[PDB]
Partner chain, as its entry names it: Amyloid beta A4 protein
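Consider the single chain below, provided in structure tokens and representing the form solved without the partner chain.
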């Protein structure tokens, strides 16, 4: 996250870190046993780290749980990032407390102009790189679809929306992928195209979670 702020510790209790040795992607806890992330974050083995603030320091509220099932959307396209969404089933249920809690699925798509919260441990610089120890946050509005399409002509599919500032300065960046975009208490997005890194006319592109609610439900049911 570029141009954001350090979140209050454990104030985003749905935010998880995906780990394969080290942190490499974000995700969101949507039920005691399931996490939503980006399909491009797939690895054949993933440890989900919940309750984190500083990912380098065991602070005492963490839960480390291995992924038991890692399911990409079946229409995921690695090249275009169409349908860039994935579900992780945890090996044991998360323990719900002040520091580990779920985020509601959305009941409607988000309107342009809605204020959202994007978070993660990705690069915090537009020039060079700094990967933070503590979770970063960014408040940003949903952009109109025309602004999104004009930023990336021919590349914005029906599964995508943009959040940010066409002027640059505040955005997601490398290793925020997979993480949450939360608007009015609901998970509306998954960080998908997180290479814009706050450059002008290159806002972040996010997967429209609302378009996948039925797939999410069906997948949970099929693997429960």
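Residue numbers count along the first chain shown, from 1.
Enquirer: Do the C-alpha atoms of 167 to 175 or of 187 to 195 have the higher average B factor in the entry?
Expert: The entry gives the higher C-alpha B-factor average to 167 to 175.
Enquirer: Looking at the entry, does 147 to 155 or 132 to 140 show the higher mean C-alpha B-factor?
Expert: Mean C-alpha B-factor is greater for 147 to 155.
Enquirer: Just the C-alpha B-factor column, please: which of 37, 31, 61, 47 has the biggest number?
Expert: Answer for 37, 31, 61, 47: 61, with the highest C-alpha B-factor.
Enquirer: From 162, 65, 57, 181, can you pick the one with the highest C-alpha B factor in the entry?
Expert: Among 162, 65, 57, 181, the PDB entry lists the largest C-alpha B-factor for 57.
Enquirer: For residue 122, return the chain-relative third of its C-alpha B-factor as stated in the PDB record: lowest, middle or highest.
Expert: As the PDB entry reports it, the C-alpha B-factor of residue 122 lands in the lowest third of its chain.
Enquirer: When the modelled residues of the chain are sorted by Cα temperature factor, does residue 104 land in the lowest, middle or highest third?
Expert: For residue 104, the deposited C-alpha B-factor lands in the lowest third.
Enquirer: Ranking every modelled residue in this chain by its Cα temperature factor as given in the entry, which third contains residue 111?
Expert: Tercile = highest for this residue's CA B-factor.
Enquirer: Lowest, middle or highest third: where is residue 17 by Cα B-factor in its chain?
Expert: Lowest third - that is where residue 17 ends up once the chain's C-alpha B-factors are sorted.
Enquirer: So where's residue 207 on the chain's Cα temperature factor ranking, which third?
Expert: Lowest third, going by the recorded CA B-factors of the chain.
The form deposited with the partner chain bound is left out here; the points below concern that form.
Enquirer: Honest question, do 174, 197 and 204 all end up within 4.5 Å of the partner chain in the entry with it bound by heavy atom distance?
Expert: Every residue of the spot touches the partner chain in the entry with it bound.
Enquirer: Heavy atom within 4.5 Å of the partner chain in the entry with it bound: which of 81, 137, 103, 71?
Expert: Here the answer is residue option 81.
Enquirer: Using a 4.5 Å cut on heavy atoms, which of 65, 162, 29, 41 is close to the partner chain in the entry with it bound?
Expert: Residue within 4.5 Å of the partner: 41.
Enquirer: Tell me which stretch of 140 to 148, 92 to 100, 73 to 81, 109 to 117 has a heavy atom within 4.5 angstroms of the partner chain in the entry with it bound.
Expert: Of the options, only 73 to 81 has residues within 4.5 Å of the partner.
Enquirer: For residue 34, is any heavy atom within 4.5 Å of the partner chain in the entry with it bound, or not?
Expert: Taking the distances in the entry with it bound, the answer for residue 34 is no, it never comes within 4.5 Å of the partner chain.
Enquirer: May I ask you to state whether residue 12 is within 4.5 Å of the partner chain in the entry with it bound, using heavy atom distances?
Expert: Residue-level check for residue 12: no, no contact with the partner chain.
Enquirer: Does residue 181 reach the partner chain in the entry with it bound, with heavy atoms at most 4.5 Å apart?
Expert: Close contact is absent here: in the entry with it bound, residue 181 is far from the partner chain, nothing within 4.5 Å, heavy atoms only.
Enquirer: Can you tell me whether residue 25 touches the partner chain? I mean in the entry with it bound, with a 4.5 angstroms heavy atom cut-off.
Expert: It does: once the partner chain is placed as it appears in the entry with it bound, residue 25 has a heavy atom within 4.5 Å of it.
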